[PDB]
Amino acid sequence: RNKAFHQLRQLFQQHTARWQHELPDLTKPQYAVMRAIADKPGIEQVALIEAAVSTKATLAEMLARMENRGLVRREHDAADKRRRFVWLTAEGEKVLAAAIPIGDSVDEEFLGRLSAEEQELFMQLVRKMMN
């Protein structure tokens, strides 16, 4: 189709289909949340919304599941228990460390079809299009 955002969703679906086959227990939003916590241990939960590309409700559901699976621990602001700080557990570090080369490989199946200049330009257009 000639609609750029339709073809973009089609590319996204192919990338998601490969991701779910290679990492059946870690979606891309879950993976991004773990990468963002690892990049800033103790990050505020609210700041983790933008860092991982999520929403308040979706992140809350996601962190509850990771917490129940021993992958994430959280602490609270004593002045405001609605504020929370997030760390990866040791098990969460192992899960993320094993997933990174897999996620990189899935990304590479698509980005590797582009030259370095094409990859840089693709990124530039996406940022140019964003608000």
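We number the residues from 1 along the sequence you see. In this text, rigid core is short for the largest set of C-alphas that superpose within 1.5 Å between two forms.
Peer 1: May I ask which stretch, 45 to 53 or 87 to 95, sits farther from the shown form in 5 other deposited structures of this protein once every structure is superposed on the core, judging by RMS CA distance?
Peer 2: Looking at 45 to 53 versus 87 to 95 in 5 other deposited structures of this protein, the farther one turns out to be 45 to 53.
Peer 1: So 16 to 24 or 119 to 127, which one's hotter by mean CA B-factor in the entry?
Peer 2: The stretch with the larger mean CA B-factor is 119 to 127.
Peer 1: Taking the mean of the C-alpha B-factors per stretch from the entry, tell me the winner out of 96 to 104 and 71 to 79.
Peer 2: Taking the mean B-factor of the alpha carbons in each, 71 to 79 is higher.
Peer 1: Lowest, middle or highest third of the chain for the C-alpha temperature factor of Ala51?
Peer 2: Its C-alpha B-factor, which the entry lists for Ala51, ranks in the highest third among residues of this chain.
Peer 1: Among the chain's modelled residues, which third holds the C-alpha B-factor of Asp39?
Peer 2: According to the entry, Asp39 has a C-alpha B-factor in the chain's highest third.
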